[PDB]
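Report on the structure given below.
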Amino acid sequence: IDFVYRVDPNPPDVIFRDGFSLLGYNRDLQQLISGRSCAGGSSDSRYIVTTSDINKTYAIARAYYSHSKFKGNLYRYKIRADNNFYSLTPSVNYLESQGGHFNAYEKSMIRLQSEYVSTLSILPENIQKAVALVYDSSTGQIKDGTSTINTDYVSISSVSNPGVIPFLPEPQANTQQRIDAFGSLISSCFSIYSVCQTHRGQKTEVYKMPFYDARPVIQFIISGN
Amino acid sequence: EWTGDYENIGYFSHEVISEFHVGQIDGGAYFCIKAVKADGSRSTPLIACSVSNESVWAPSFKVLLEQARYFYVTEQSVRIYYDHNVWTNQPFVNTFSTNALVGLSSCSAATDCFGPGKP
Amino acid sequence: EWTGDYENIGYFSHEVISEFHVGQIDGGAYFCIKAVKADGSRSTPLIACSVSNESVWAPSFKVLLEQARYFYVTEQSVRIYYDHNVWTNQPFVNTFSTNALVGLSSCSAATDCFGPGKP
Amino acid sequence: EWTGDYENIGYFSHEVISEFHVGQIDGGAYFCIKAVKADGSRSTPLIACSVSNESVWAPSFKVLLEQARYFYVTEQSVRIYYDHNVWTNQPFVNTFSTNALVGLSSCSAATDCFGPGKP
Amino acid sequence: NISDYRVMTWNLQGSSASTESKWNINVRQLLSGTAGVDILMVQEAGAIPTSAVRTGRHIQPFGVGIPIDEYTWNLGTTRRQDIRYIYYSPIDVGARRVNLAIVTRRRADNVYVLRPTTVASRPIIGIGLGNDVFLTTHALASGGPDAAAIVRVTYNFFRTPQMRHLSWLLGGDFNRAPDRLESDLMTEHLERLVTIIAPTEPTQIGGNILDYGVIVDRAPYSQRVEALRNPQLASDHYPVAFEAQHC
Amino acid sequence: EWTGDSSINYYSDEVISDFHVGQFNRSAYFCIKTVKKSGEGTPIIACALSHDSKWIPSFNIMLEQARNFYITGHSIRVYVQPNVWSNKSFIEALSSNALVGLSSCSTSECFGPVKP
Amino acid sequence: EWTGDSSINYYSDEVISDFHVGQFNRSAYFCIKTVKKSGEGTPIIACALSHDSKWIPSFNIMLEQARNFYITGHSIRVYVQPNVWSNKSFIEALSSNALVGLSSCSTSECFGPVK
């Protein structure tokens, strides 16, 4: 899906010059879906997770604007999905064919998050638009603000690559490990510190999002209640 | 009668359940949802409640709870069918709305939503 | 009876359910929740219990059980309605409290919570 | 009867539910849990059973069964209350325990454990 | 961009006719595993691992007309698919001493061949994946007077307007300590344009601090990538890696 | 008089795409709209009323299983008995079929009763 | 009756791969097809009915636990009593076994009435 979205607290002036960068070198697709390699554990994921649904951006913004400890201005960035963007289900199917087990607790967020992961750092030329998200504290509503347009964006025609992520590490045993999540069952890889926030040596000092285990929350909707 | 009357039951599409409340009123078990437009547009809530032991919309209380509890923890696009002027308790009318939660439909983004709709 | 009869039912806003307890007393199931301020300030931890075979708030017991559980695992900020001086058992009133869970509301607004409120 | 009678209900703190079993005995659904200290401080694994039909602790079956099934997926540290010498069936005792699950409390910080304790 | 790939130099430093064994053992230990090197910058290689397959696809090439092969060396067995791509230039198949090569994990979208403004010199290869260009080089062991020259030519070749957005890093043996290189870059007023990344410990048994990298500054997150020495394999030698600083 | 009867039809390799709950005359209907996994054919809509139809005892279990297969996105096989609900406004609105069985399905072969 | 009488036989180190839900006759039934995690084994099919069998009280708990042990791919030990269902069309289609117990299997010992 072309034009995927990412929520970033940095101003457009920073992300239109640097862009989104990889947080490490972990290419495992079993630690990125459960978020143990993104922000809640040994954060070294070799991915930049971006949502394809416009509604997930508002869910992320509402999860950061409702803790009273976060001070900043969030921006939704629209990113043209080139051949380096992969959906998470085609690769999960391949990892299952190779002999790996993704339990329902993870298949039930591969659907919820609508992830389209980028295996390489997002170029500033892929980001087309940045929409400020303003939080009316009295009303408790997040609404779109000034939609700045990048003058660096290169308008080529491309779509997200349909297929398996290359060089995917071999699966592990069925660990049944922690699935880190925040807000309204938003993956921990969508958090602020799931990408390199050290822009030009300077570190963005914002709230560290507290994560909760999602297995109880999914067992709470998948089993009635 | 029926959730999709379209004559008595109104329906707001592409909503997200942002606030959830549970409690008891008059020996029952009521739960209320605050529905706001996904892209911050209408700027006014859609407070809709459902009391377990009162009204003609009572036999579908539990079935409407388990699904609301699903549209709140995930905050997916939802089409809410409500019945207006169902609650008579004036304080309940004041803090909440008169609306009664009647139906919960799943919206597959886009501009279409599964369920009864006006032609 | 109602959860928002303020003059009688109190409530603590912007709380988080940090500890959960489940058990049985006098032939009736019960659960207790411990809440501390989400803002990080200091306040004596609120303890709210709900017996299923006692008091006038039993019809909502299960409704308040599946919700208090969800607000526990998620750690979401929650307004917690309660009625003071409901439980009489001295061994019970000492380890837990005399408060009774009568309502749970989501306070994901950082200013106020959806539901009844004293004016 | 209460899960803090202390004069009977004994608790093991900072447990974690490692094994879960379900079945039927004598026309009644039963579930049993095996708890091992999260700090591998050894201790004969604690096995606590619960039968829906038999025993005094019947009304808190589905409330405990759905809390031993939620503290198991989370692998969260947990205090487990049991009533020693409850089950009489020799084949049932010889495989699981004489223990009867009566209370499931959440524990946190390696200190404290919401619930009835004994000083 | 340039910080997404795990790059390492791995000069051979010939050990009395151990080229095939050192190639096979060392580079297949290095490339394999979860922490395997994505782009490996082997310089002065010469010979071939004797397991590289033939029948590479045709190359134009672009800019300079010396053919570059694309040996598809499969590290894994028949069941596995761990094939690499060694782009190698048969500049001297009778000497096997200065001949450069680059072994990567995926097929290079582009390849390059650039030489300094001096005619007599022989080009520093370099491949490119998408917008990230990894250039392989070789200097002269008599002090390396052409290091500043090769940085200069790389800059004036990648400053072309249609190639301005491309990020580049340069690695190999420079045969000159980094401090002198940055000193005579500051003399030539090229201070803030290229960064020099080197480990803080000597890279040779003789105490030399060679075998570092020079990276274009305008590349996004260029300060993220830092050159550090690998842990002690104790194989009488070691290569440098350009890792990414933890955020 | 069974999920695997000859009157009951079934569709295979299907995923529950849309969900709906509600009330129809003293009952708690729930409807599911499922489509082929990759994609083909018209979407198939199946409902189940709480207090109407022979399929009354299996309302709660089918509701729970449909929600489980909807949250997970599992490729499943849906059993439907055509022409069960008779109101004609339910029929224009959602469907006339009745959900009678849900089975988790796999790559090529999968579980559940199958017609000869 | 009990899950560990003797007439009830168990299969250990099995994972629930396929789940089926339906209605047999005035009663809701659910079936599970469990295969060995290590492989090389005949899948075992176990079914339970709400209103038929001596195993009526344990229908809901077994349904919930079979859903839970199917969501997670945890190795389980399935207890079945053969020849509980009599409708030959039902046995031909799914099985003749009766789900009467589910247990969690840690490497080596499983939790349950071993015999």
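Letters A, B, ... mark the chains of the structure tokens in the order given; residue numbers begin at 1 per chain; ligand numbers begin at 1, in order shown.
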
Segment 57-117 of chain B: residues DSSP assigns to alpha helix (DSSP H), reported as a list in words: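 Going through segment 57-117 of chain B, the alpha helix (DSSP H) residues come out as residues 61, 62, 63, 64, 65, 66, 67, 68, 69, 70, 71, 72, 73, 90, 91, 92, 93, 94 and 95 of chain B.
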
Could you write those residues out with N, CA and C atoms, as a tab-separated table (two decimals), in the first residue's frame?
chain	number	residue	atom	x	y	z
B	61	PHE	N	-27.96	-6.94	25.54
B	61	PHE	CA	-26.98	-6.20	26.34
B	61	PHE	C	-25.62	-6.87	26.30
B	62	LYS	N	-25.54	-8.12	26.76
B	62	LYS	CA	-24.25	-8.80	26.86
B	62	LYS	C	-23.57	-8.89	25.50
B	63	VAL	N	-24.32	-9.27	24.46
B	63	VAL	CA	-23.76	-9.33	23.12
B	63	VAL	C	-23.23	-7.98	22.66
B	64	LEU	N	-23.86	-6.88	23.09
B	64	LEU	CA	-23.36	-5.55	22.76
B	64	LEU	C	-22.21	-5.11	23.66
B	65	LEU	N	-22.05	-5.74	24.82
B	65	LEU	CA	-20.93	-5.40	25.69
B	65	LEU	C	-19.63	-5.99	25.15
B	66	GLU	N	-19.61	-7.32	24.96
B	66	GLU	CA	-18.40	-8.01	24.52
B	66	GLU	C	-17.83	-7.43	23.24
B	67	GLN	N	-18.69	-6.96	22.33
B	67	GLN	CA	-18.23	-6.30	21.12
B	67	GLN	C	-17.78	-4.86	21.34
B	68	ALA	N	-18.48	-4.10	22.19
B	68	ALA	CA	-18.00	-2.76	22.52
B	68	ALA	C	-16.63	-2.83	23.18
B	69	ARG	N	-16.45	-3.80	24.08
B	69	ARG	CA	-15.18	-4.02	24.76
B	69	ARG	C	-14.11	-4.41	23.75
B	70	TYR	N	-14.52	-4.79	22.54
B	70	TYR	CA	-13.57	-5.03	21.46
B	70	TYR	C	-13.30	-3.80	20.61
B	71	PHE	N	-14.27	-2.90	20.45
B	71	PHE	CA	-14.07	-1.69	19.66
B	71	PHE	C	-13.45	-0.56	20.46
B	72	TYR	N	-13.23	-0.76	21.76
B	72	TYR	CA	-12.59	0.23	22.61
B	72	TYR	C	-11.12	-0.06	22.88
B	73	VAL	N	-10.76	-1.33	23.06
B	73	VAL	CA	-9.37	-1.67	23.35
B	73	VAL	C	-8.54	-1.67	22.07
B	90	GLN	N	-33.59	11.37	34.73
B	90	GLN	CA	-33.12	12.71	34.36
B	90	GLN	C	-31.63	12.93	34.64
B	91	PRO	N	-31.09	12.55	35.81
B	91	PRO	CA	-29.62	12.65	35.96
B	91	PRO	C	-28.86	11.82	34.95
B	92	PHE	N	-29.38	10.63	34.62
B	92	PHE	CA	-28.75	9.79	33.60
B	92	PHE	C	-28.86	10.46	32.23
B	93	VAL	N	-30.00	11.08	31.94
B	93	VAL	CA	-30.15	11.90	30.74
B	93	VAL	C	-29.20	13.08	30.70
B	94	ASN	N	-28.80	13.60	31.86
B	94	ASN	CA	-27.96	14.79	31.93
B	94	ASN	C	-26.48	14.47	31.79
B	95	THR	N	-25.94	13.53	32.57
B	95	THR	CA	-24.53	13.19	32.42
B	95	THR	C	-24.29	12.38	31.14

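A least-squares superposition of chain C on chain B, with Cα atoms paired in sequence order, returns an RMSD value of 0.8 Å.
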
When you look at segment 149-162 of chain E with a cut-off of 8 Å (counting only C-alpha atoms), what residues show up, excluding the ones that are within fewer than 5 positions of it in the same chain? I need them as JSON, numbers by chain. {"E": [114, 115, 116, 117, 214]}

Only N, CA and C atoms, please: the residues just picked out, written as an mmCIF file, in the first residue's frame.
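To be explicit, this is the file written out as part_21.cif:
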data_model
loop_
_atom_site.group_PDB
_atom_site.id
_atom_site.type_symbol
_atom_site.label_atom_id
_atom_site.label_comp_id
_atom_site.auth_asym_id
_atom_site.auth_seq_id
_atom_site.Cartn_x
_atom_site.Cartn_y
_atom_site.Cartn_z
ATOM 1 N N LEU E 114 35.865 4.305 -10.692
ATOM 2 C CA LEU E 114 36.428 5.648 -10.763
ATOM 3 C C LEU E 114 37.908 5.610 -10.410
ATOM 4 N N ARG E 115 38.699 6.411 -11.117
ATOM 5 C CA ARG E 115 40.132 6.544 -10.914
ATOM 6 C C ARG E 115 40.493 7.994 -10.611
ATOM 7 N N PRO E 116 41.611 8.240 -9.932
ATOM 8 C CA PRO E 116 42.029 9.619 -9.663
ATOM 9 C C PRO E 116 42.376 10.353 -10.953
ATOM 10 N N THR E 117 42.561 11.670 -10.815
ATOM 11 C CA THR E 117 42.845 12.500 -11.982
ATOM 12 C C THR E 117 44.174 12.117 -12.627
ATOM 13 N N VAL E 214 36.185 6.881 5.372
ATOM 14 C CA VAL E 214 35.814 8.281 5.188
ATOM 15 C C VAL E 214 34.417 8.332 4.583
#

Using only C-alpha atoms, find each residue of segment 81-165 of chain E with at least one atom at most 10 Å away from an atom of segment 165-179 of chain A; report its shortest atom-to-atom pair and that distance in Å (one decimal), sort the rows by chain and rising residue number, and return the result as a Markdown table.
| residue | atom | partner | partner_atom | distance |
| --- | --- | --- | --- | --- |
| E:81 | CA | A:167 | CA | 9.2 |
| E:82 | CA | A:167 | CA | 8.4 |
| E:105 | CA | A:167 | CA | 8.5 |
| E:106 | CA | A:166 | CA | 8.8 |

Suppose we keep N, CA and C atoms; can you now write the selection as a compact mmCIF listing (two decimals), in the first residue's frame?
# COMPACT_ATOMS: atom_id res chain seq x y z
N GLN E 81 19.69 -21.10 1.15
CA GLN E 81 19.99 -20.11 0.11
C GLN E 81 20.73 -18.96 0.78
N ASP E 82 22.05 -19.10 0.91
CA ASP E 82 22.91 -18.09 1.52
C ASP E 82 23.92 -17.56 0.51
N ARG E 105 25.64 -9.07 0.32
CA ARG E 105 24.57 -10.01 0.64
C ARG E 105 23.46 -10.03 -0.40
N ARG E 106 23.27 -8.94 -1.14
CA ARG E 106 22.24 -8.87 -2.18
C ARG E 106 22.83 -8.22 -3.42

Counting only C-alpha atoms, which residues of chain C sit at most 9 Å from some atom of chain B, and what is each one's closest atom pair with its distance in Å to one decimal, listed by chain and rising residue number, as CSV?
residue,atom,partner,partner_atom,distance
C:1,CA,B:26,CA,5.2
C:2,CA,B:25,CA,4.2
C:3,CA,B:23,CA,5.8
C:4,CA,B:92,CA,8.4
C:5,CA,B:91,CA,8.7
C:56,CA,B:27,CA,7.3
C:57,CA,B:24,CA,7.0
C:58,CA,B:27,CA,8.4
C:59,CA,B:28,CA,5.7
C:60,CA,B:29,CA,4.9
C:61,CA,B:29,CA,8.6
C:63,CA,B:29,CA,6.9
C:64,CA,B:22,CA,6.9
C:67,CA,B:22,CA,7.8
C:70,CA,B:73,CA,8.9
C:81,CA,B:23,CA,8.6
C:101,CA,B:23,CA,8.7
C:102,CA,B:23,CA,5.7
C:103,CA,B:23,CA,4.2
C:104,CA,B:22,CA,5.4
C:105,CA,B:21,CA,4.2
C:106,CA,B:20,CA,5.5
C:107,CA,B:19,CA,7.5
C:108,CA,B:19,CA,7.2
C:109,CA,B:19,CA,8.9
C:113,CA,B:19,CA,8.1
C:114,CA,B:19,CA,6.3
C:115,CA,B:21,CA,6.5
C:116,CA,B:95,CA,5.6
C:117,CA,B:95,CA,7.8

Please extract the residues of chain B with a backbone DSSP assignment of strand (DSSP E) and present them as a count of residues only. 40

Chain F contacts on chain A, only C-alpha atoms, 10 Å, as a ChimeraX atom specification: /A:103-112,218-219,221-225

Could you write those residues out with N, CA, C and O atoms, as a compact mmCIF listing (two decimals), in the first residue's frame?
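Final output, out_28.txt:
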# COMPACT_ATOMS: atom_id res chain seq x y z
N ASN A 103 1.74 -17.66 17.07
CA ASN A 103 0.49 -17.92 17.77
C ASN A 103 -0.55 -16.87 17.43
O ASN A 103 -0.23 -15.83 16.83
N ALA A 104 -1.81 -17.11 17.81
CA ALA A 104 -2.89 -16.19 17.53
C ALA A 104 -2.69 -14.83 18.18
O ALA A 104 -3.19 -13.83 17.66
N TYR A 105 -1.97 -14.76 19.30
CA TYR A 105 -1.64 -13.50 19.94
C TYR A 105 -0.82 -12.57 19.06
O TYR A 105 -0.86 -11.36 19.26
N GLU A 106 -0.07 -13.11 18.10
CA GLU A 106 0.67 -12.29 17.15
C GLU A 106 -0.03 -12.10 15.82
O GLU A 106 0.02 -10.99 15.27
N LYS A 107 -0.69 -13.13 15.28
CA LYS A 107 -1.52 -12.98 14.10
C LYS A 107 -2.68 -12.03 14.31
O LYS A 107 -3.19 -11.47 13.33
N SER A 108 -3.10 -11.82 15.56
CA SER A 108 -4.21 -10.93 15.87
C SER A 108 -3.78 -9.47 15.99
O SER A 108 -4.64 -8.59 16.05
N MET A 109 -2.48 -9.19 16.04
CA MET A 109 -1.97 -7.84 15.87
C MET A 109 -1.36 -7.57 14.51
O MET A 109 -1.28 -6.41 14.11
N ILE A 110 -0.90 -8.59 13.79
CA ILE A 110 -0.46 -8.36 12.42
C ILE A 110 -1.63 -7.80 11.63
O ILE A 110 -1.45 -7.01 10.70
N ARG A 111 -2.85 -8.19 12.01
CA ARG A 111 -4.07 -7.64 11.46
C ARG A 111 -4.46 -6.29 12.05
O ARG A 111 -4.85 -5.39 11.31
N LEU A 112 -4.36 -6.13 13.38
CA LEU A 112 -4.76 -4.87 14.01
C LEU A 112 -3.87 -3.70 13.60
O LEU A 112 -4.39 -2.63 13.25
N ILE A 218 -5.54 -9.31 24.38
CA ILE A 218 -6.09 -10.08 23.27
C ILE A 218 -6.91 -11.26 23.76
O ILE A 218 -7.96 -11.57 23.18
N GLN A 219 -6.49 -11.92 24.84
CA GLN A 219 -7.27 -12.97 25.48
C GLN A 219 -8.55 -12.42 26.09
O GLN A 219 -9.46 -13.17 26.44
N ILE A 221 -10.50 -10.03 24.43
CA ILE A 221 -11.45 -9.79 23.36
C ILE A 221 -11.66 -11.03 22.51
O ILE A 221 -12.77 -11.27 22.02
N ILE A 222 -10.62 -11.85 22.32
CA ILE A 222 -10.74 -13.09 21.57
C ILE A 222 -11.53 -14.15 22.32
O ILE A 222 -11.92 -15.16 21.72
N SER A 223 -11.80 -13.95 23.61
CA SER A 223 -12.52 -14.92 24.43
C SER A 223 -13.73 -14.26 25.08
O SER A 223 -13.98 -14.40 26.27
N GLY A 224 -14.49 -13.52 24.28
CA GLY A 224 -15.67 -12.83 24.77
C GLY A 224 -15.34 -11.75 25.79
O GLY A 224 -14.60 -10.82 25.48
N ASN A 225 -15.91 -11.87 26.99
CA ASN A 225 -15.66 -10.94 28.08
C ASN A 225 -15.98 -9.50 27.69
O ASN A 225 -16.92 -8.90 28.20

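Across the model, the gap from atom CA of residue 88 of chain A to atom CA of residue 212 of chain A is 21.8 Å.
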
For segment 10-24 of chain G, work out the shell of residues within 7 Å, counting only C-alpha atoms and skipping chain neighbours fewer than 5 positions away, then give it as a short mmCIF file (atom, residue, chain, number, x, y, z; two decimals) with C-alpha atoms, in the first residue's frame.
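So the final result, stored in result27.cif, reads:
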data_model
loop_
_atom_site.label_atom_id
_atom_site.label_comp_id
_atom_site.auth_asym_id
_atom_site.auth_seq_id
_atom_site.Cartn_x
_atom_site.Cartn_y
_atom_site.Cartn_z
CA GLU F 1 -30.33 -31.58 11.90
CA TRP F 2 -26.52 -31.27 11.90
CA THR F 3 -23.77 -28.89 10.73
CA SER F 58 -25.43 -22.89 19.31
CA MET F 62 -20.71 -19.61 17.30
CA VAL F 100 -24.32 -23.24 11.57
CA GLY F 101 -20.62 -24.10 11.83
CA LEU F 102 -17.15 -22.62 11.95
CA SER F 103 -13.99 -24.64 11.33
CA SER F 104 -10.37 -23.55 11.25
CA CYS F 105 -8.94 -24.30 7.81
CA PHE F 111 -10.95 -29.73 9.30
CA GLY F 112 -14.72 -30.15 9.31
CA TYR G 29 -20.46 -29.29 19.85
CA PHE G 30 -16.79 -28.46 19.34
CA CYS G 31 -13.97 -30.61 17.98
CA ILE G 32 -10.18 -30.33 17.98
CA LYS G 33 -7.63 -32.06 15.75
CA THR G 34 -4.30 -32.33 17.59
CA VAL G 35 -1.07 -33.41 15.90
CA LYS G 36 2.31 -34.18 17.47
CA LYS G 37 4.63 -31.18 17.52
CA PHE G 69 -4.55 -24.02 24.01
CA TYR G 70 -5.27 -23.39 20.32
CA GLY G 73 0.73 -23.31 20.33
CA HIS G 74 1.66 -24.78 23.72
CA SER G 75 2.11 -28.54 23.76
CA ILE G 76 -0.82 -30.18 25.52
CA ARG G 77 -1.97 -33.65 26.64
CA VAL G 78 -5.41 -34.51 25.29
CA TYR G 79 -7.54 -36.99 27.25
CA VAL G 80 -10.18 -38.85 25.23
CA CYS G 105 3.00 -30.28 28.79
#

If we count only C-alpha atoms and set the cut-off at 10 Å, which residues sit around segment 51-60 of chain A, ignoring sequence neighbours fewer than 2 positions away in its own chain? Please answer as a compact mmCIF listing (two decimals) with N, CA and C atoms, in the first residue's frame.
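Output saved as part_27.txt:
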# COMPACT_ATOMS: atom_id res chain seq x y z
N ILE A 1 0.83 -1.20 0.00
CA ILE A 1 0.00 0.00 0.00
C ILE A 1 0.87 1.25 0.00
N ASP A 2 0.68 2.10 -1.01
CA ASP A 2 1.41 3.36 -1.10
C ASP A 2 0.97 4.33 -0.02
N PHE A 3 1.84 5.29 0.32
CA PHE A 3 1.53 6.35 1.26
C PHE A 3 1.14 5.82 2.64
N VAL A 4 2.09 5.19 3.32
CA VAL A 4 1.91 4.73 4.69
C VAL A 4 2.25 5.88 5.63
N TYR A 5 1.80 5.77 6.88
CA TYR A 5 1.89 6.89 7.80
C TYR A 5 2.73 6.54 9.02
N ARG A 6 3.44 7.54 9.54
CA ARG A 6 4.21 7.39 10.77
C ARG A 6 4.05 8.62 11.65
N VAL A 7 3.94 8.41 12.96
CA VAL A 7 3.76 9.50 13.92
C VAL A 7 5.13 9.80 14.52
N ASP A 8 5.55 11.07 14.45
CA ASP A 8 6.85 11.46 14.97
C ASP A 8 6.74 12.79 15.71
N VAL A 49 8.72 0.45 11.35
CA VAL A 49 7.33 0.06 11.17
C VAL A 49 6.46 1.28 10.94
N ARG A 62 -3.50 9.75 20.14
CA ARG A 62 -4.32 9.73 21.34
C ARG A 62 -3.68 8.96 22.48
N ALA A 63 -2.79 8.01 22.18
CA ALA A 63 -2.07 7.28 23.21
C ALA A 63 -0.90 8.06 23.79
N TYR A 64 -0.40 9.07 23.08
CA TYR A 64 0.67 9.94 23.57
C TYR A 64 0.15 11.23 24.17
N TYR A 65 -1.03 11.68 23.75
CA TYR A 65 -1.62 12.92 24.24
C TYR A 65 -2.54 12.70 25.44
N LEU A 74 3.09 16.32 17.94
CA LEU A 74 3.21 15.17 17.06
C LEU A 74 2.88 15.56 15.62
N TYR A 75 3.53 14.89 14.67
CA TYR A 75 3.29 15.12 13.26
C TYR A 75 3.10 13.77 12.58
N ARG A 76 2.06 13.67 11.76
CA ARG A 76 1.86 12.49 10.93
C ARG A 76 2.57 12.70 9.60
N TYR A 77 3.47 11.79 9.27
CA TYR A 77 4.24 11.85 8.04
C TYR A 77 3.74 10.80 7.07
N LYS A 78 3.41 11.24 5.86
CA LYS A 78 3.00 10.37 4.76
C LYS A 78 4.23 10.01 3.94
N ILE A 79 4.45 8.71 3.76
CA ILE A 79 5.67 8.17 3.18
C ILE A 79 5.29 7.29 2.00
N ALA A 81 5.49 4.37 -0.28
CA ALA A 81 6.00 3.02 -0.08
C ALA A 81 6.68 2.54 -1.35
N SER A 87 4.75 -6.03 3.64
CA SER A 87 3.71 -6.40 4.58
C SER A 87 4.18 -7.56 5.45
N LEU A 112 -4.36 -6.13 13.38
CA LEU A 112 -4.76 -4.87 14.01
C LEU A 112 -3.87 -3.70 13.60
N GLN A 113 -2.56 -3.87 13.63
CA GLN A 113 -1.63 -2.77 13.41
C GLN A 113 -1.56 -2.36 11.94
N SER A 114 -1.80 -3.30 11.03
CA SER A 114 -1.68 -3.07 9.59
C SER A 114 -0.29 -2.56 9.25
N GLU A 115 0.73 -3.24 9.76
CA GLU A 115 2.12 -2.83 9.61
C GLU A 115 2.58 -2.98 8.16
N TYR A 116 3.44 -2.06 7.74
CA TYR A 116 4.18 -2.18 6.49
C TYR A 116 5.63 -1.80 6.76
N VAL A 117 6.45 -2.79 7.10
CA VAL A 117 7.77 -2.50 7.65
C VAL A 117 8.75 -2.15 6.54
N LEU A 133 -0.57 17.38 14.50
CA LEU A 133 -1.73 16.89 15.24
C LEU A 133 -1.88 17.70 16.52
N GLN A 141 -9.80 16.18 22.08
CA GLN A 141 -9.86 15.75 20.69
C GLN A 141 -8.56 16.10 19.98
N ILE A 142 -8.05 15.17 19.18
CA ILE A 142 -6.87 15.39 18.35
C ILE A 142 -7.33 15.66 16.93
N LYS A 143 -6.89 16.78 16.36
CA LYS A 143 -7.31 17.17 15.02
C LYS A 143 -6.11 17.57 14.18
N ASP A 144 -6.28 17.49 12.87
CA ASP A 144 -5.20 17.84 11.95
C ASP A 144 -4.94 19.34 11.97
N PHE A 182 1.13 -0.61 23.45
CA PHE A 182 0.79 0.62 24.16
C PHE A 182 -0.49 1.18 23.57
N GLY A 183 -1.18 2.00 24.36
CA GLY A 183 -2.41 2.63 23.88
C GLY A 183 -3.49 1.60 23.59
N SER A 184 -4.20 1.82 22.48
CA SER A 184 -5.30 0.94 22.08
C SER A 184 -4.73 -0.19 21.23
N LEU A 185 -4.00 -1.08 21.90
CA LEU A 185 -3.38 -2.25 21.28
C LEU A 185 -2.54 -1.85 20.07
N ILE A 186 -1.71 -0.83 20.27
CA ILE A 186 -0.76 -0.36 19.27
C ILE A 186 0.59 -0.99 19.55
N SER A 187 1.23 -1.50 18.50
CA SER A 187 2.51 -2.18 18.65
C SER A 187 3.56 -1.22 19.21
N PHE A 190 5.56 1.11 17.01
CA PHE A 190 4.99 2.38 16.58
C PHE A 190 5.33 3.51 17.53
N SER A 191 6.01 3.22 18.64
CA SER A 191 6.33 4.22 19.65
C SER A 191 7.34 5.23 19.14
N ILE A 192 7.55 6.30 19.91
CA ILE A 192 8.49 7.35 19.54
C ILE A 192 9.93 6.86 19.47
N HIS B 14 -18.07 5.07 10.81
CA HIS B 14 -16.65 5.40 10.94
C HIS B 14 -16.35 6.12 12.24
N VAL B 16 -14.97 5.84 16.46
CA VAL B 16 -14.06 5.13 17.34
C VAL B 16 -14.54 5.31 18.77
N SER B 18 -13.78 5.97 22.20
CA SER B 18 -12.66 6.53 22.94
C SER B 18 -12.83 6.49 24.45
N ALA B 38 -13.32 9.60 13.96
CA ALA B 38 -11.93 9.15 13.93
C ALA B 38 -10.98 10.31 13.64
N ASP B 39 -11.26 11.07 12.57
CA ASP B 39 -10.41 12.19 12.21
C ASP B 39 -10.90 13.50 12.81
N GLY B 40 -11.17 13.51 14.12
CA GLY B 40 -11.53 14.71 14.87
C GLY B 40 -12.50 15.71 14.27
N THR B 74 -9.18 -1.78 20.91
CA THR B 74 -8.51 -1.71 19.63
C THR B 74 -8.76 -0.40 18.90
N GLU B 75 -9.87 0.29 19.20
CA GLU B 75 -10.23 1.55 18.57
C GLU B 75 -10.23 1.44 17.05
N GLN B 76 -10.98 0.48 16.52
CA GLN B 76 -11.17 0.34 15.09
C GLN B 76 -12.42 1.10 14.67
N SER B 77 -12.52 1.40 13.37
CA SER B 77 -13.68 2.10 12.86
C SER B 77 -14.94 1.27 13.09
N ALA B 109 -12.82 0.51 6.84
CA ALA B 109 -12.37 1.79 6.32
C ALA B 109 -13.19 2.23 5.11

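Take the candidates E:143, E:194, E:244, E:52 and check each one against residue 208 of chain E using only C-alpha atoms; the shortest distance goes to E:143.
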